[PDB]
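Participant: Can you read through this structure? Questions will come right after.
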Amino acid sequence: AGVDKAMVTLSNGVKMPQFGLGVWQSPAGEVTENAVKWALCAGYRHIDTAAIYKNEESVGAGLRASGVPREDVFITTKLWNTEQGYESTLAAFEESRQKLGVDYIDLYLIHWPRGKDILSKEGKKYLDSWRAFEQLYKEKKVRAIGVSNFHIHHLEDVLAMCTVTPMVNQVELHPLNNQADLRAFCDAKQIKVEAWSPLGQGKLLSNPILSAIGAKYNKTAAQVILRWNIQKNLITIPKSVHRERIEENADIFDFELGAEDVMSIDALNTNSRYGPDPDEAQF
Ligand SMILES: NC(=O)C1=CN([C@@H]2O[C@H](COP(=O)(O)OP(=O)(O)OC[C@H]3O[C@@H](n4cnc5c(N)ncnc54)[C@H](OP(=O)(O)O)[C@@H]3O)[C@@H](O)[C@H]2O)C=CC1
């Protein structure tokens, strides 16, 4: 019933807060430190970062600045595409950990499978990366492990070799790209789906239908999308560097979208991505 209290239980029993702050494109230094501090002070208990964002030290600094005990906060970071492989994944994990200034990381994700052309030339290095994730998990260095931007076929590849099933799959998900088929698969395999670019990188916020739905509840279009995420049982990580938007985005536990509204948002799907298609990426 609140941003600090809404949880999704992963297949290993770990409670991951359903709502988090994304920090992609938040500059290292003061901007990231403030955004993180403001989020935590507003009751967020989850921060999503990545090695490639180069702001992990700032995430750690903002957490320390907030006064909120590290044990109450869920930190996700990600292994970058160029570091896939077994020993290289272990090394990258340690680098993230030291930058974050923590003893353990809550969730570690393979950032991308890498595009089909790279896979064809270099092999599916995400599999040996997953084996490294399994060792890190065995050694209690990380509380949960998962992937990001994996389609059903990438997931089948991991499921065929894994000793631990990926616990989260973080993918582009918003009302123009609802990921219905991937969600059906992930539900079957107990893989929780987490939405990236949930506000469509900001581009969805002028949407007539969404704004009109919001007006019914004295909420903004952004708040409608995020309430839709919550009611679809998704984990969501909207990004802002602005304190007012950070607080606004979290203020979605004082209303609920009715059936017709949910239907109208579901009708918006066009399978249109703002981000790269994981199959076609040339990185
Ligand atoms: N696994 C992966 O490959 C990826 C993961 N992600 C993760 O997902 C997170 C969220 O996705 P992201 O693409 O960053 O973007 P979002 O879909 O959250 O949209 C972010 C944009 O919306 C603006 N915004 C945020 N809240 C509001 C509001 N209430 N009113 C008006 N404008 C608003 C922000 O502006 P401003 O900041 O100026 O306020 C920013 O321009 C990322 O930060 C990252 O953590 C993202 C992409 C890929």
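Please note that chains go A, B, ... in the order of the structure tokens, that every chain numbers its residues from 1, and that ligands are numbered from 1 in the order shown.
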Compile the contact shell of region 64-70 of chain A as a count of residues only: residues with an atom at most 12 Å away, counting only C-alpha atoms, same-chain residues fewer than 2 positions apart removed.
Facilitator: 35
Participant: May I have the residues within 6 Å of ligand 1, computed using only C-alpha atoms and all ligand atoms, as a PDB file with N, CA, C and O atoms, in the first residue's frame?
Facilitator:
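Once everything was written out, this is selection-v4.pdb:
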ATOM      1  N   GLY A  22      15.091   4.182 -11.717  1.00  0.00           N
ATOM      2  CA  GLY A  22      16.076   3.908 -12.759  1.00  0.00           C
ATOM      3  C   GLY A  22      17.087   5.038 -12.845  1.00  0.00           C
ATOM      4  O   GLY A  22      16.719   6.207 -12.649  1.00  0.00           O
ATOM      5  N   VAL A  23      18.353   4.714 -13.112  1.00  0.00           N
ATOM      6  CA  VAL A  23      19.369   5.770 -13.232  1.00  0.00           C
ATOM      7  C   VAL A  23      20.144   5.820 -14.559  1.00  0.00           C
ATOM      8  O   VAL A  23      21.164   6.494 -14.639  1.00  0.00           O
ATOM      9  N   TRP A  24      19.637   5.159 -15.599  1.00  0.00           N
ATOM     10  CA  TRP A  24      20.189   5.301 -16.952  1.00  0.00           C
ATOM     11  C   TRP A  24      20.113   6.764 -17.379  1.00  0.00           C
ATOM     12  O   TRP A  24      19.064   7.409 -17.231  1.00  0.00           O
ATOM     13  N   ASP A  48      17.858   0.952  -9.666  1.00  0.00           N
ATOM     14  CA  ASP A  48      18.394   0.206 -10.795  1.00  0.00           C
ATOM     15  C   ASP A  48      19.542   0.945 -11.507  1.00  0.00           C
ATOM     16  O   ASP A  48      19.329   1.991 -12.125  1.00  0.00           O
ATOM     17  N   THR A  49      20.747   0.383 -11.446  1.00  0.00           N
ATOM     18  CA  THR A  49      21.873   0.952 -12.171  1.00  0.00           C
ATOM     19  C   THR A  49      22.555  -0.099 -13.056  1.00  0.00           C
ATOM     20  O   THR A  49      22.004  -1.175 -13.293  1.00  0.00           O
ATOM     21  N   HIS A 111      23.120  -7.748 -19.034  1.00  0.00           N
ATOM     22  CA  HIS A 111      22.469  -6.541 -19.568  1.00  0.00           C
ATOM     23  C   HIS A 111      21.766  -6.790 -20.911  1.00  0.00           C
ATOM     24  O   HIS A 111      20.631  -6.319 -21.116  1.00  0.00           O
ATOM     25  N   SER A 148      18.409  -9.497 -18.708  1.00  0.00           N
ATOM     26  CA  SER A 148      17.688  -8.343 -19.210  1.00  0.00           C
ATOM     27  C   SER A 148      17.712  -8.418 -20.722  1.00  0.00           C
ATOM     28  O   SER A 148      18.718  -8.853 -21.306  1.00  0.00           O
ATOM     29  N   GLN A 170      14.371  -8.237 -17.267  1.00  0.00           N
ATOM     30  CA  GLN A 170      14.037  -6.830 -17.388  1.00  0.00           C
ATOM     31  C   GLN A 170      14.037  -6.471 -18.873  1.00  0.00           C
ATOM     32  O   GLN A 170      15.066  -6.599 -19.539  1.00  0.00           O
ATOM     33  N   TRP A 196      11.548  -1.940 -18.219  1.00  0.00           N
ATOM     34  CA  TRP A 196      12.368  -0.766 -18.503  1.00  0.00           C
ATOM     35  C   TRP A 196      11.735   0.185 -19.517  1.00  0.00           C
ATOM     36  O   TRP A 196      10.802  -0.183 -20.234  1.00  0.00           O
ATOM     37  N   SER A 197      12.219   1.427 -19.533  1.00  0.00           N
ATOM     38  CA  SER A 197      11.520   2.527 -20.198  1.00  0.00           C
ATOM     39  C   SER A 197       9.986   2.498 -20.013  1.00  0.00           C
ATOM     40  O   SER A 197       9.225   2.653 -20.979  1.00  0.00           O
ATOM     41  N   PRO A 198       9.532   2.341 -18.762  1.00  0.00           N
ATOM     42  CA  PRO A 198       8.095   2.185 -18.525  1.00  0.00           C
ATOM     43  C   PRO A 198       7.298   3.419 -18.940  1.00  0.00           C
ATOM     44  O   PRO A 198       6.124   3.288 -19.264  1.00  0.00           O
ATOM     45  N   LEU A 199       7.920   4.596 -18.942  1.00  0.00           N
ATOM     46  CA  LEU A 199       7.217   5.805 -19.362  1.00  0.00           C
ATOM     47  C   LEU A 199       7.518   6.077 -20.836  1.00  0.00           C
ATOM     48  O   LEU A 199       7.211   7.152 -21.380  1.00  0.00           O
ATOM     49  N   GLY A 200       8.133   5.092 -21.486  1.00  0.00           N
ATOM     50  CA  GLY A 200       8.506   5.210 -22.881  1.00  0.00           C
ATOM     51  C   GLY A 200       9.527   6.315 -23.057  1.00  0.00           C
ATOM     52  O   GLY A 200       9.474   7.077 -24.031  1.00  0.00           O
ATOM     53  N   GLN A 201      10.443   6.411 -22.095  1.00  0.00           N
ATOM     54  CA  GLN A 201      11.537   7.372 -22.150  1.00  0.00           C
ATOM     55  C   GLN A 201      10.981   8.788 -22.180  1.00  0.00           C
ATOM     56  O   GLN A 201      11.643   9.726 -22.625  1.00  0.00           O
ATOM     57  N   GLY A 202       9.754   8.934 -21.673  1.00  0.00           N
ATOM     58  CA  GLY A 202       9.091  10.228 -21.622  1.00  0.00           C
ATOM     59  C   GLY A 202       8.169  10.488 -22.801  1.00  0.00           C
ATOM     60  O   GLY A 202       7.349  11.414 -22.752  1.00  0.00           O
ATOM     61  N   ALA A 222       1.898   9.799 -16.451  1.00  0.00           N
ATOM     62  CA  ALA A 222       2.966   8.958 -15.915  1.00  0.00           C
ATOM     63  C   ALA A 222       2.435   8.092 -14.774  1.00  0.00           C
ATOM     64  O   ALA A 222       2.724   6.892 -14.705  1.00  0.00           O
ATOM     65  N   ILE A 237      10.642   0.569 -12.934  1.00  0.00           N
ATOM     66  CA  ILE A 237      11.747   1.425 -12.521  1.00  0.00           C
ATOM     67  C   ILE A 237      11.839   2.758 -13.263  1.00  0.00           C
ATOM     68  O   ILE A 237      12.851   3.037 -13.907  1.00  0.00           O
ATOM     69  N   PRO A 238      10.797   3.596 -13.154  1.00  0.00           N
ATOM     70  CA  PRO A 238      10.842   4.875 -13.868  1.00  0.00           C
ATOM     71  C   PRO A 238      12.050   5.712 -13.449  1.00  0.00           C
ATOM     72  O   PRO A 238      12.427   5.670 -12.273  1.00  0.00           O
ATOM     73  N   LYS A 239      12.627   6.455 -14.396  1.00  0.00           N
ATOM     74  CA  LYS A 239      13.792   7.314 -14.178  1.00  0.00           C
ATOM     75  C   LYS A 239      13.376   8.774 -14.212  1.00  0.00           C
ATOM     76  O   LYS A 239      12.614   9.195 -15.085  1.00  0.00           O
ATOM     77  N   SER A 240      13.872   9.540 -13.245  1.00  0.00           N
ATOM     78  CA  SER A 240      13.906  10.989 -13.352  1.00  0.00           C
ATOM     79  C   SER A 240      15.076  11.519 -12.541  1.00  0.00           C
ATOM     80  O   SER A 240      15.520  10.897 -11.560  1.00  0.00           O
ATOM     81  N   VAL A 241      15.592  12.663 -12.959  1.00  0.00           N
ATOM     82  CA  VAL A 241      16.607  13.334 -12.163  1.00  0.00           C
ATOM     83  C   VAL A 241      15.996  14.477 -11.367  1.00  0.00           C
ATOM     84  O   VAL A 241      16.714  15.195 -10.670  1.00  0.00           O
ATOM     85  N   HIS A 242      14.681  14.670 -11.508  1.00  0.00           N
ATOM     86  CA  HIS A 242      13.978  15.791 -10.872  1.00  0.00           C
ATOM     87  C   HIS A 242      13.199  15.335  -9.643  1.00  0.00           C
ATOM     88  O   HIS A 242      12.394  14.409  -9.721  1.00  0.00           O
ATOM     89  N   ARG A 245       9.327  14.963  -9.894  1.00  0.00           N
ATOM     90  CA  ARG A 245       8.850  13.836 -10.698  1.00  0.00           C
ATOM     91  C   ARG A 245       9.092  12.515  -9.999  1.00  0.00           C
ATOM     92  O   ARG A 245       8.296  11.580 -10.105  1.00  0.00           O
ATOM     93  N   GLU A 248       6.264  12.350  -7.582  1.00  0.00           N
ATOM     94  CA  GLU A 248       5.032  12.151  -8.341  1.00  0.00           C
ATOM     95  C   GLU A 248       4.900  10.700  -8.788  1.00  0.00           C
ATOM     96  O   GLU A 248       3.856  10.066  -8.597  1.00  0.00           O
ATOM     97  N   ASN A 249       5.955  10.174  -9.396  1.00  0.00           N
ATOM     98  CA  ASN A 249       5.912   8.814  -9.934  1.00  0.00           C
ATOM     99  C   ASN A 249       5.573   7.754  -8.890  1.00  0.00           C
ATOM    100  O   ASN A 249       4.878   6.776  -9.188  1.00  0.00           O
TER     101      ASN A 249
END
Participant: In Å, with one decimal, what is the gap from CA of residue 143 (chain A) to CA of residue 108 (chain A)?
Facilitator: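 That distance, rounded to one decimal, is 8.4 Å.
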Participant: With only C-alpha atoms as the counted atoms, please give the residues lying no more than 8 Å from residue 213 (chain A), apart from itself and same-chain residues fewer than 6 positions off, as a PDB file with C-alpha atoms, in the first residue's frame.
Facilitator:
ATOM      1  CA  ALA A 221      -0.257  10.170 -17.526  1.00  0.00           C
ATOM      2  CA  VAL A 224      -1.488   6.022 -14.884  1.00  0.00           C
ATOM      3  CA  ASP A 261      -9.308   1.825 -18.070  1.00  0.00           C
TER       4      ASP A 261
END
Participant: Which residue is closest to residue 6 (chain A)? Choose from A:273, A:227, A:151, A:99 and count only C-alpha atoms.
Facilitator: A:227
Participant: Name the residues of region 142-255 of chain A that fall into strand (DSSP E or B) according to DSSP on the backbone, using the chain letters and numbers of this document, as a list in words.
Facilitator: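 DSSP-assigned strand (DSSP E or B) residues in region 142-255 of chain A: residues 142, 143, 144, 145, 146, 147, 148, 168, 169, 170, 171, 172, 174, 177, 192, 193, 194, 195, 196, 235, 236 and 239 of chain A.
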Participant: Write out, as a tab-separated table (two decimals), in the first residue's frame, the residues just selected, with N, CA and C atoms.
Facilitator:
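Below is the file selection-v3.tsv, written as the result:
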chain	number	residue	atom	x	y	z
A	142	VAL	N	25.72	-12.38	-4.15
A	142	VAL	CA	24.56	-11.72	-4.77
A	142	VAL	C	23.31	-12.46	-4.32
A	143	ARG	N	22.23	-11.72	-4.04
A	143	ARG	CA	21.02	-12.30	-3.46
A	143	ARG	C	20.09	-12.93	-4.48
A	144	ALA	N	20.21	-12.50	-5.73
A	144	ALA	CA	19.34	-12.99	-6.80
A	144	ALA	C	20.03	-12.72	-8.12
A	145	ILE	N	19.70	-13.50	-9.14
A	145	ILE	CA	20.35	-13.37	-10.42
A	145	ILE	C	19.31	-13.46	-11.53
A	146	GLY	N	19.54	-12.71	-12.60
A	146	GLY	CA	18.60	-12.71	-13.70
A	146	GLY	C	19.20	-12.12	-14.95
A	147	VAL	N	18.33	-11.76	-15.89
A	147	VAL	CA	18.81	-11.32	-17.18
A	147	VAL	C	18.01	-10.11	-17.61
A	148	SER	N	18.41	-9.50	-18.71
A	148	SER	CA	17.69	-8.34	-19.21
A	148	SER	C	17.71	-8.42	-20.72
A	168	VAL	N	14.68	-12.80	-12.70
A	168	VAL	CA	14.08	-11.61	-13.30
A	168	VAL	C	14.51	-11.53	-14.76
A	169	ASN	N	13.62	-11.01	-15.61
A	169	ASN	CA	13.94	-10.60	-16.98
A	169	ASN	C	13.44	-9.18	-17.15
A	170	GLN	N	14.37	-8.24	-17.27
A	170	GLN	CA	14.04	-6.83	-17.39
A	170	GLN	C	14.04	-6.47	-18.87
A	171	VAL	N	12.89	-6.05	-19.39
A	171	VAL	CA	12.73	-5.78	-20.81
A	171	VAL	C	11.96	-4.51	-21.04
A	172	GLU	N	12.11	-3.93	-22.24
A	172	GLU	CA	11.32	-2.74	-22.57
A	172	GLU	C	9.84	-3.09	-22.50
A	174	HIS	N	5.90	-1.16	-21.94
A	174	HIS	CA	5.06	0.03	-21.73
A	174	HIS	C	3.82	-0.15	-22.59
A	177	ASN	N	4.31	-1.34	-26.17
A	177	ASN	CA	5.09	-2.57	-26.31
A	177	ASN	C	4.87	-3.39	-25.04
A	192	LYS	N	10.21	-13.36	-13.00
A	192	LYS	CA	9.47	-12.11	-12.84
A	192	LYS	C	9.89	-11.14	-13.93
A	193	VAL	N	8.91	-10.44	-14.50
A	193	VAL	CA	9.18	-9.49	-15.57
A	193	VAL	C	9.26	-8.08	-14.98
A	194	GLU	N	10.29	-7.34	-15.37
A	194	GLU	CA	10.50	-5.98	-14.89
A	194	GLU	C	10.50	-5.03	-16.08
A	195	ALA	N	9.79	-3.92	-15.99
A	195	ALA	CA	9.66	-3.03	-17.13
A	195	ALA	C	10.74	-1.95	-17.16
A	196	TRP	N	11.55	-1.94	-18.22
A	196	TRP	CA	12.37	-0.77	-18.50
A	196	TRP	C	11.73	0.18	-19.52
A	235	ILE	N	7.30	-5.39	-12.10
A	235	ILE	CA	8.27	-4.57	-11.42
A	235	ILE	C	8.57	-3.41	-12.35
A	236	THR	N	8.64	-2.19	-11.81
A	236	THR	CA	8.84	-1.04	-12.66
A	236	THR	C	9.83	-0.03	-12.06
A	239	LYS	N	12.63	6.46	-14.40
A	239	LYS	CA	13.79	7.31	-14.18
A	239	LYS	C	13.38	8.77	-14.21
